[PDB]
Amino acid sequence: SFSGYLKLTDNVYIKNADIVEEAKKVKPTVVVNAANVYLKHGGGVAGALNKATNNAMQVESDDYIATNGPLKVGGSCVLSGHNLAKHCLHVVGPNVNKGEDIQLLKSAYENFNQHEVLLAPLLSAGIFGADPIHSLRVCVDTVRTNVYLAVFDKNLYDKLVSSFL
């Protein structure tokens, strides 16, 4: 199972780790992708997860978009986890670098409640522009299922743990 995580609450755990390396190691039931509405996995966590699947995630995602259309900001879809997990829960957090409503971050985290256990990044953090400290607070106040957060940056991981209320 998940190893080396710091317990933040009854159900939220955190580790300084590369979510791709974490997914290949654990092969969890669910890995969360920091997706955009178009499922265009170009950069950040999405680009890294997609590159690990040798682009199979993008091929599957384009077929999903052709059939269903784009996701909503705050929404999600369950697709294959490929070589990383059983499933990938593609969750769209608001991208503040596109003027998207930061209040949608709670709706985005509510998608995690449909899965008993997940390996996940902090939603809307990184290239999505939101404050990662705010994202972690929304995560612990919204997610009731068991969430194992992988934070790539060591310096951000330390700031998140040392400032956690």
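Note down the Stokes-Einstein diffusion coefficient of region 1-49 in µm²/s, whole number, using a Kirkwood radius over alpha carbon pairs, 20 °C, and 1.002 mPa s.
The Stokes-Einstein estimate is 175 µm²/s.
Residue exposure proxy: 128, 152, 164, ordered by other Cβ atoms within 10 angstrom of their Cβ from fewest to most, comes out as 164, 152, 128. Only DSSP H runs of four or more residues enter the estimate; each adds -39500 (n - 2.57), and after division by the residues of the chain the mean residue ellipticity at 222 nm equals -10000 deg cm²/dmol. Alpha carbon centre of region 16-43 versus region 45-101: separation in Å? What the calculation gives is 9 Å, centre to centre.
Note on the chain: the alpha carbon radius of gyration divided by the globular reference 2.2 N^0.38 Å gives 0.94.
The length gained by stretching the chain between residue 83 and residue 66 to full extension, at 0.36 nm per residue less their Cα-Cα distance, is 3.8 nm.
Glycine gets a Cβ as well: all are built from the backbone with ideal geometry, and neighbour counts include every protein chain shown. A short reminder: the numbers here are calculations on the coordinates, not readings from a lab.
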